[PDB]
Amino acid sequence: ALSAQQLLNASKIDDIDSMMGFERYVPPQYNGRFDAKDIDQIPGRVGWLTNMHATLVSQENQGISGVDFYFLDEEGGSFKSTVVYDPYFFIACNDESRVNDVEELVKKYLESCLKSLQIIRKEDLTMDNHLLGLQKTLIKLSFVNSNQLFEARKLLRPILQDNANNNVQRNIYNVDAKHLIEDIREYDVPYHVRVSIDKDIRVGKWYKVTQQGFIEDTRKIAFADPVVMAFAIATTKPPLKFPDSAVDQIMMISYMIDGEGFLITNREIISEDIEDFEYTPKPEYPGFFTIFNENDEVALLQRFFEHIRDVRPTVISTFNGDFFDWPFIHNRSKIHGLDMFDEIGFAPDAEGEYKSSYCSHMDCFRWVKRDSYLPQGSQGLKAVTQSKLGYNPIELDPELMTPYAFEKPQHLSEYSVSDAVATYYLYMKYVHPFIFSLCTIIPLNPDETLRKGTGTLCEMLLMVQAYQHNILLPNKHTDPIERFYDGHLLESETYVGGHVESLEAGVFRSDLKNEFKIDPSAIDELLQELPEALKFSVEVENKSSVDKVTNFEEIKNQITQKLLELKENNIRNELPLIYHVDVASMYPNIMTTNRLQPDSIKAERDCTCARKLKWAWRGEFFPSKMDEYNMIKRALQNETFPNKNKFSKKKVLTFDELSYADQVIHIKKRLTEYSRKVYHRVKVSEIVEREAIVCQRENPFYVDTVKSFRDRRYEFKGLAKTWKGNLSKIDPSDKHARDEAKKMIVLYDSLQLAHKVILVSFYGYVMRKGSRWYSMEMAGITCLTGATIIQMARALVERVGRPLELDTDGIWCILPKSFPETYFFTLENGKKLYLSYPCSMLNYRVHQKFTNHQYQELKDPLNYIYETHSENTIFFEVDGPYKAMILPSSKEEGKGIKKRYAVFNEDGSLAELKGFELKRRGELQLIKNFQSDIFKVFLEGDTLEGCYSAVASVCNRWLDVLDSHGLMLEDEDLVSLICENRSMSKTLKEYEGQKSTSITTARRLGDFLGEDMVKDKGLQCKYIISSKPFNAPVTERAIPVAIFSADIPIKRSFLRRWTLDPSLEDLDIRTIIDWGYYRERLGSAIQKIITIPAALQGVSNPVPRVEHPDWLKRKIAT
DNA sequence: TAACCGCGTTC
DNA sequence: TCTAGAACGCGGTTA
Ligand SMILES: O=c1ccn([C@@H]2O[C@H](COP(=O)(O)OP(=O)(O)OP(=O)(O)O)[C@@H](O)[C@H]2O)c(=O)[nH]1
Ligand SMILES: [Ca+2]
Ligand SMILES: [Ca+2]
């Protein structure tokens, strides 16, 4: 009977919408049609589609499912329109010769909730002979609304459950319509996604609502201009503690409406009225802020709600507003007897996010986490503003925010508006164009397009294609509760992913010679391949004819000469070329090249239409054999287990009464212990080579969806490379032009990077839980192929140069300056073709060794005729040459360090900085600052020994800081440097049984500040390591730095018990710090970045105060 | 020592 | 309910 609540919400939403200018519009009647050819003559209204929501409508007894669509018109007004559409799923049969039987069974069995029945045909990619036109026969079950559809699923669950079970026991001497139901299908499609897909409607497009439906107005090009408001709030706060919406009250609310700034103040907390002021952190971001000082907090909550009602925003944007700002304003509204939904139409949703019917809530944080590609350390509003808006916003320590309401109130106003300027323009520059454009192709509304996982976005895109090609959707994948290998229970199953190598360490610089030993057979091969490789660079890499180039031979001769010189002088000590090569969209292009897609992976049971590809399976299993497993369970059955507290009338249940999941949880725990006793090992690992069949004839709907999105991405990655090149030839004097070029660059890279995460997710999606297109084989094939390609490239670079570091699809290397480099073909059109020889020599080899010659495509669909061709879309790309590269080395002999290095441009600026602490969220501030100081110094010096000598100067300076027990440092700089901040992904309660510095810090912080400091997840534990108790585990000597900001009685009490020293009177933070700990951690960074690499390049220890690992001293001593 | 865990990276 | 993947570094505990 839940329809009541739903039908109620519909009326509430209807009146809220009408208050905000969204009245239900019904188009005039029209007999005939010009069928979208002359829309101007069909009566109705034109609007820009800005939102959509599933609703329930009435006849105008049960509700009628429909979708509301919210439009902005061309006359400055708004309106909504409603489409009704019967929900439906399918029933499949195990014998299509009796489909009519099931029809009469379900017609009567589901008669309580069924509206209509119908037999339809779709294409099943899991059905034999489906490539010849055979189709699966199905019964389409339609309903008046989604509640009825659900009742049908409930009534149908037994039939499917019993049929999977065996038959009952009647006349054992004897030797049906229910068992004809094999499965239900397409039952879990969100209703509004279903309407968007079946009706081809998309938010962000222009339509004309007519009686015969929405007609797309392909003439309108640009988006409408929705009213857009972004807001932030500031609240009071107990010292060292978190805001409490039950106690703490809202001090101010700053916001921005279409570029106008406003600030509301609670004068009961703000010491004085605020005057209108301007914060324009850069000319591109204006900000004139009008003030609304109000008497009490309630007055502030009521002006905000009224201002919102007046301006009518169809977009409201925040930064983490879903889990801080909105629930604060909501609780403060409740306390003061105010109802947020009746005032502004906003309320929490089933996930606790704050949503509205007429207005999308665009929480910019969600874009940052999903689409920005920023490291976690740079995902705060400050770091984002620096990266994406190009300026430093106002920063105020939060402990100073409550008092500065009284002492320095205008300052606290400026910070408040600073967060509002940054949020508004972050939205309009980055989030608004991306999300509203993405809605034009993905069938979600703006709120869901912003928030859903990128694997789900992929699934949305894939479902559109499958529907439009009349392909029946597979049900969501479900992996089994137990898997077995060679009789062992498996703990983990996966494939071998990317191939990573650390090959050299140390400093490499464009002005410092290096020794190269060049393989003469390599130059022989390159010389043999050269005429065709250059023909490949022209014809394939540049889509042009060799007949229209006019300097082919001159380039062939010039390249050949340098090659022949390298073959005669194999040994050389020259200046290096620090180059990088990476395959563009490697896994997508491997997939599209090999025509990889989950429906294409066949067993011997079905199906040269077949291309065999190899992958590497890796399993992790217990060493226990099934004999031991069966024993462990039986024991568990004889034991007794507690019960869920429904009633607690029965307070014990047997093992076999536990859910199958909870059963194996106990089996798993018990089995780990048995293996540790009888085997002394818990998990065993094994890799197996596997070969899968990839049909090259399968319906390529998945492969083609990937191609489309890759090409969609390539647009922006190419505009990015264009505008980057423009900025190369803008006169340094022309500031405005250079500023505009850079702005274009940062936008297009952001757009290409946001498309990147969806693109790569088309690969991850085949391994995602709940995937409608799951295939481990396809993922494992993708990876092994990529490992084979990059290792082929490494083999060649090895023989003509020195590869430095290698990761999945990319190689950093140095090559002799004398190696053939960059050339420019010339055409009769006067145009030039770029050529980088090191890129093309690889690409000609990739296309020689990894092209799919068995690619097949339907040429004549009516007669089912296929035409085979060759396909290869895999290409390395080149960037460089660079001024410097710095690769660290491990403290452990023979090992490398992967995924960490610094790279510098010729202009001296940082090109890349991968992996290091400096960039990761948290870590120990000292190591962060030391790293930031050291990397630029590697460019100084005139020789390899002087470069290291210069860096060494910075080290010994940093060492003096800690050898002096922090005496050379003021207190402010001391707390910052020696602190370490770590994050707790869950709450402390869920870490029970584990020891960590974050765990210890959380516990101590809870005892001192109360339990309410642990209640939530994501807690930031800021600690220092104390000297005492001496020789104790570091996890036991971890003090939260908040104690040092507490009252002396508190400080001594906790510091005494934390150090196990009840005589402690001396609370100076300097005396508590375990300086030998930090001295060793700083020293450990120094070895890996400076001293041990220097040794590997034959340079005596530049920092003698950091002693070499014993193994190195021995090797040094030969 | 080697296995193993939580976090946050590079792909 | 909703949910892209594997390989790796590093401080830290534990067999
Ligand atoms: O977030 C990510 C990044 C990378 N990857 C995986 O790493 C592979 C190589 O990582 P890359 O960063 O090189 O990505 P890419 O080749 O797809 O894109 P561009 O170089 O053109 O910028 C990708 O093909 C993908 O499979 C992910 O799965 N997820
Ligand atoms: Ca790249
Ligand atoms: Ca790549």
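Quick note: numbers below take in every heavy atom, side chains included, and nothing from hydrogens, waters or symmetry partners. Below, read A as the first sequence line, B as the second, and so on, with proteins coming before strands; counting in each chain starts at 1.
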Please work out if A:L924 contacts a base, only the sugar-phosphate, or nothing of the nucleic acid, heavy-atom cut-off 4.0 Å.
nothing
d(CH2, A:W615; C1', C:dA6) in whole Å:
13 Å
Counting side-chain heavy atoms from C-beta on, which of C:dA15, C:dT3, B:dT9 comes nearest to A:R676?
C:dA15
Please determine if a side-chain N or O atom of A:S996 lies less than 4.0 Å away from the OP1 or OP2 oxygen of C:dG12.
no
Answer with base, sugar-phosphate or nothing: what part of the nucleic acid does A:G377 contact at a heavy-atom distance below 4.0 Å?
sugar-phosphate
Starting at atom CD1 of A:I590, determine the distance to atom P of C:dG5, rounded to an integer number of angstrom.
19 Å
For A:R370, which contact category applies under a 4.0 Å heavy-atom criterion: base, sugar-phosphate, or nothing?
nothing
5'-most contact on DNA chain C: A:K769 or A:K891, nearest heavy atom basis?
A:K769
Describe the nucleic acid contact of A:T454 in one word from base, sugar-phosphate, nothing, applying a heavy-atom distance below 4.0 Å.
base
Quick note, C:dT13: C1'-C2'-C3'-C4' sign places the sugar (positive north, negative south) south
Between A:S378 and A:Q994, which has a closest nucleotide on DNA chain B that is more 5'?
A:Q994
Relative to the 5' end of DNA chain B, which residue comes earlier, A:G915 or A:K683, by the nucleotide with the nearest heavy atom?
A:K683
Specify the separation, in whole Å, of atom NZ of A:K928 and atom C1' of C:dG11.
15 Å
Please give, in whole Å, the distance from B:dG6 P to A:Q376 CD?
16 Å
Starting from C1' on C:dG9, measure out to CG on A:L913 and report it in whole angstrom.
14 Å
Which of A:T1000, A:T1001, A:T997, A:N981 passes side chain to side chain donor-acceptor pair (under 3.5 Å) with A:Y1023? Answer is A:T997
May I ask you to evaluate whether A:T1035 reaches the phosphate of C:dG12, defined as a side-chain N or O under 4.0 Å from OP1 or OP2?
no
May I ask you to say whether A:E501 pairs ionically with A:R794, meaning some side-chain N is under 4.0 Å from a carboxylate O?
yes
Test side-chain contact (heavy atoms from CB on, under 4.5 Å) applied to A:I874 and A:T785, A:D809, A:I789, the passing residue
A:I789
Do any side-chain nitrogens or oxygens of A:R1081 fall under 4.0 Å of OP1 or OP2 in C:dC10?
no
Contact class for A:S771 vs. all strands (heavy atom < 4.0 Å): base, sugar-phosphate, or nothing?
nothing
For A:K914 and C:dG9, is the shortest distance between a side-chain N/O and OP1 or OP2 below 4.0 Å?
no
Using a 4.0 Å heavy-atom cut-off across all strands, classify A:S983 as base, sugar-phosphate, or nothing.
sugar-phosphate
Picking from C:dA4, C:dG9, C:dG11, the nucleotide nearest the side-chain atoms of A:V760 would be C:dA4
So, A:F89 versus A:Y187, ring centres under 6.0 angstrom or not?
no
Does C:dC8 have OP1 or OP2 sitting under 4.0 Å from an N or O in the side chain of A:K898?
yes
Closest non-hydrogen contact found for A:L988 with A:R1003 is CD2-NH1, 3.7 Å
If a positive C1'-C2'-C3'-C4' torsion means north (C3'-endo side) and a negative one means south (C2'-endo side), where does C:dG11 fall?
south
Under 4.0 Å between any heavy atoms, over every strand shown, what does A:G497 touch: base, sugar-phosphate, or nothing? Just pick one.
sugar-phosphate
With respect to the side chain of A:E351, which nucleotide from C:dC2, B:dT10, C:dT13 is positioned closest?
C:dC2
Nucleotide of C:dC10, C:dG5, C:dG12 approaching A:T997 most closely (side-chain heavy atoms)
C:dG12
Strictly below 4.0 Å: does A:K899 bring a side-chain N or O up to OP1 or OP2 of C:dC10?
no
Is any side-chain nitrogen or oxygen of A:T782 closer than 4.0 Å to OP1 or OP2 of C:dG5?
no
To the nearest angstrom, the NZ-P distance between A:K986 and B:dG8 comes to 13 Å
Among A:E353, A:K355, A:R451, A:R366, which residue meets the side chain to side chain donor-acceptor pair (under 3.5 Å) test with A:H361?
A:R451
In terms of side-chain geometry, is the basic nitrogen of A:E459 or A:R768 positioned less than 4.0 Å from the acidic oxygen of its partner?
yes
Using OP1 and OP2 only, check whether a side-chain N or O of A:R921 sits under 4.0 Å from B:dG8.
yes
Salt-bridged, A:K717 to A:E877, with N to O below 4.0 Å?
yes
What integer distance in Å separates A:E917:CD from B:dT10:P?
11 Å
Starting at CZ of A:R618 and ending at P of C:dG5, how long is that distance when rounded to a whole Å?
15 Å
Contact nearer the 5' end of DNA chain C, comparing A:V496 with A:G770
A:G770
Out of C:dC10, C:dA6, C:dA4, which nucleotide sits closest to the side chain of A:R900?
C:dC10
State which of C:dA4, C:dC8, B:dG6 makes the closest approach to the side chain of A:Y991.
B:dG6
Check the phosphate of B:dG8 against A:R920, side-chain N and O only, distance under 4.0 Å to OP1 or OP2. Yes or no?
no
Which part of the nucleic acid, if any, lies within contact of A:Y774, taking any heavy atom under 4.0 Å across all strands shown: a base, the sugar-phosphate backbone alone, or nothing?
nothing
Where the side chain of A:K452 is defined as all heavy atoms beyond and including C-beta, which of C:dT3, C:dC8, C:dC10 is the nearest nucleotide?
C:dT3
Counting the atoms with a prime plus P, OP1 and OP2 as sugar-phosphate, which does A:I897 contact under 4.0 Å by heavy atoms, base, sugar-phosphate, or nothing?
sugar-phosphate
The nucleotide from B:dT9, B:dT10, B:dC7 with an atom nearest the side chain of A:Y901 is B:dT10
If you only use heavy atoms from C-beta on, which nucleotide in C:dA6, C:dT3, C:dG12 is closest to the side chain of A:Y1077?
C:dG12
How about A:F365 and A:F323: are their ring centres within less than 6.0 Å of each other?
no
Need one value for A:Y495: base, sugar-phosphate or nothing, where a base atom within 4.0 Å counts as base even if backbone is also close, heavy atoms only.
sugar-phosphate
